[PDB]
Amino acid sequence: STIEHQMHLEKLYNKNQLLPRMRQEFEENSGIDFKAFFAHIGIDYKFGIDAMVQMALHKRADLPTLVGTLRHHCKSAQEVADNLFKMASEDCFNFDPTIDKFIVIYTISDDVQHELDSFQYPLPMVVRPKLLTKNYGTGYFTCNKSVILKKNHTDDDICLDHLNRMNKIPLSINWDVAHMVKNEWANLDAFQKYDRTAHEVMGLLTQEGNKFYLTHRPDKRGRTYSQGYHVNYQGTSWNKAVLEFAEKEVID
Amino acid sequence: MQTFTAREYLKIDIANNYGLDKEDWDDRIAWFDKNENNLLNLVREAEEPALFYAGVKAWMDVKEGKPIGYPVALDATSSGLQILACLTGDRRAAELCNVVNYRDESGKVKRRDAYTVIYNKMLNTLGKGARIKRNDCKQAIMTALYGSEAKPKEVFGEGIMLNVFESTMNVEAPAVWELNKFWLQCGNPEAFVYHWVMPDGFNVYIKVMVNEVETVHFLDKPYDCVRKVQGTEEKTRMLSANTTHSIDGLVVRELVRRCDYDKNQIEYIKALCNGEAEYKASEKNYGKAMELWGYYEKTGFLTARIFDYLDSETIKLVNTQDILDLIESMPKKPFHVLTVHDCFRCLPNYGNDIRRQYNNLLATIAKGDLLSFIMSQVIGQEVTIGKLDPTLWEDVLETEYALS
DNA sequence: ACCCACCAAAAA
RNA sequence: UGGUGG
């Protein structure tokens, strides 16, 4: 039941990986038939969908920024920028020469944007995380990516013991503080965006109990980072305040 | 090191979040005692409202005798400078950043703010209208310790102000500053990656990623497209930041090992050290046990991680008295510790222990040879750096505001 | 010529 | 390309 709840949470995370989930809005969910249209204007299918996706993310983006995300499709940096003009001239999105940016035209639905805001980022585990024994897998039951942050994988010793020790610290939400933030933080002070969906996630998270585990990953140097956006003892002050130990103690 | 009650760490933490975190311990508790009965109304003017409120609600729950899950926070005062001071034995740098105690003429131990101390020293000598803001000075200092030459050149120009800035740094922290100096001249123009091992076995690999700029035309106007690519570079400015950060990383892993320990593992190792454990042996433990003990020998940093590889056969290669001494230096009751690289949070009835464990680690770095051990791996040959004051470590154990 | 990690996406 | 924490 909690094992099942954990698999559901992981089910949502795996289904809302940002870029694959966005692509769905331009492939199998668009009324527009971008495959057919991209053939017409002589733009590679996978490239065109990705450019459309990048525009739904950035909304506005200068040229060096936009080619960076798409550079891996062509043998030349130049080939990418030309393809982008062909699409801008065919109204896939606009380029405004007076601000030197592309501006999105076709954006994803609001309903899909909210699921991405809730679930594209890792959540806490509601069972004890998997014991790490190799430098693959980060504690969840369905991810087996490199445990080291960014592209810095090694199979050398990176002190899994510390990750394993931090991962089993049970945490819970202080709803008294969490409610204080939503009702009164805005008049005490990126924040609105986080808080729009944070409480919904925290309630879903703790559906089976106010007890959970944050996963931890090392960067290449050995600084240790707890993974997650909405619930995290690292990161923002409105974030820090809500977390406490699940194993409370009488102080004296 | 003076100790505090569990409730007092709560008092300090609530003071910190108001916050008067640069005040001495007793002034902070004095401020608290004064506002104990009015805390909920100060939430709206506190520096960290949410954290202030959580701590205050915890204080109330404690008064009523209720259990709490709220962890108080104790932060390192300039983590990096502390580590460079300990690596180099730089007693003057240590006094900037609470690695050892600084007393004013009255003789009270003060909570020093290195950036302010150096800001004062710079106005004191520049004098007579010095056109420099305290925060422009803090940015230049902290970017320098991570190896920047461009940012102090921007705050101080490239003239006499810069000259006074480097002069001040060289009197207040000669060895720390000389070491940062040295790291710059330590890049290898042939290297694609740097690798070093920490004494607890963490392998640090730094791939050298250099900018490749493809230039592009879009409407016959030019755009520069820069992508990080693996390569080499003549100098490199990254080693001071990465080595220093690898060490505060180490301090975090090891501090969490010493605080959040498995009491049953501890008792097994204690019997194992005293020859009373039932025979158990695995051939796979030998390599790692040998490896970690070696780092202790070469560095002075005995990691409690070694408990994971000690068995009936492997204990024979280590000094059982050193293992027992380590366990005895650990807290008598374990506790969870949350860490933000150089911030530490725990239940307040363990406040005293977390400050003791941090002190011991700074002191270990101070006493031993970690810098040589790491520099040798970075530059590719055996080098030895000496302590500028080899007894600094004695005072480090007893220092007051390392965490504040 | 400053380290890392991460988020965040903009208006007739 | 701006912000978050260190």
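If you read the sequences in order, they're chains A and B. Residues in the first sequence are numbered from 1 upward in steps of one, following the numbering used here. Residues in the second sequence are numbered from 1 upward in steps of one, following the numbering used here. Just so it is clear, CB atoms sit at the ideal spot from N, CA and C, and this is done for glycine as well.
Item: A:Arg217 at chain B interface by Cβ criterion, 7 Å; Value: no
Item: Host beta strand (DSSP E) of A:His216 (start-end); Value: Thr215 to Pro218
Item: Best match in B:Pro199, B:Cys225, B:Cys186 and B:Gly231 for proximity to B:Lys207 [C-alpha to C-alpha]; Value: B:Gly231
Item: Uninterrupted alpha helix (DSSP H) stretches inside the region 70-109 of chain B (no shorter than 4 residues); Value: 79-88 and 91-96
Item: Same chain, Cβ closer than 7 Å to A:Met125, neighbours up to 5 away in sequence not counted; Value: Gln6, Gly139, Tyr140, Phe212, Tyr213 and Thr215
Item: Chain B within 7 Å of A:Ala186, Cβ atoms only; Value: no
Item: Inter-residue spacing [alpha-carbon to alpha-carbon] between A:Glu247 and B:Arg355; Value: 22 Å
Item: Closer than 7 Å to chain A by CB, B:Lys333; Value: no
Item: Beta strand (DSSP E) segment containing A:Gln192, residue limits; Value: From DSSP, A:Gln192 is part of no beta strand (DSSP E) but of the alpha helix (DSSP H) over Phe191 to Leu205.
Item: Local Cβ density within 10 Å of A:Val177, reported as buried at 16 or more and exposed below that; Value: buried
Item: Under 9 Å by beta carbon: chain B residues contacting A:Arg223; Value: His245, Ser246, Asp248, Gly249, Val252 and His341
Item: C-beta neighbour in chain B for A:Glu249, strict 7 Å; Value: yes
Item: Three-state secondary structure (DSSP) of A:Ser118; Value: helix
Item: Whether B:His336 touches A:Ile169 by CB criterion (7 Å); Value: yes
Item: Between the CA atoms of B:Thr303 and B:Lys66 - distance to the nearest angstrom; Value: 37 Å
Item: Interface residues of chain A facing B:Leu347 [CB-CB closer than 8 Å]; Value: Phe245, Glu249 and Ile251
Item: Chain-ordered residues of the region 114-137 of chain A with a beta carbon less than 7 Å from chain B; Value: none
Item: Segments of 4+ residues assigned as alpha helix (DSSP H) that fall wholly inside the region 190-233 of chain B; Value: none
Item: Beta-carbon proximity list for B:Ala54, same chain, < 7 Å, skipping 5 on both sides; Value: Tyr70
Item: Extent of the continuous beta strand (DSSP E) run through B:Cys346; Value: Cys343 to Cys346
Item: B:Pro199 vs B:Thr299 beta-carbon contact at 7 Å; Value: yes
Item: Interfacial residues, the region 34-60 of chain B to chain A, with Cβ spacing under 7 Å; Value: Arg44, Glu48, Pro49, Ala50, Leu51, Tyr53, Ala54 and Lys57
Item: Contact list for the region 155-166 of chain A against chain B, Cβ threshold 7 Å; Value: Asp156, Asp157, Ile158, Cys159, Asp161, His162, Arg165 and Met166
Item: 9 Å Cβ cut-off: residues of chain B touching A:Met180; Value: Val43, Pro49, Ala50, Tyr53, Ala54 and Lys57
Item: Extent of the continuous alpha helix (DSSP H) to which A:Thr224 belongs; Value: It is not in any alpha helix (DSSP H) - A:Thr224 instead sits in the beta strand (DSSP E) that spans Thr224 to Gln227.
Item: CA-to-CA distance, B:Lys288 to B:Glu328, given in whole angstroms; Value: 23 Å
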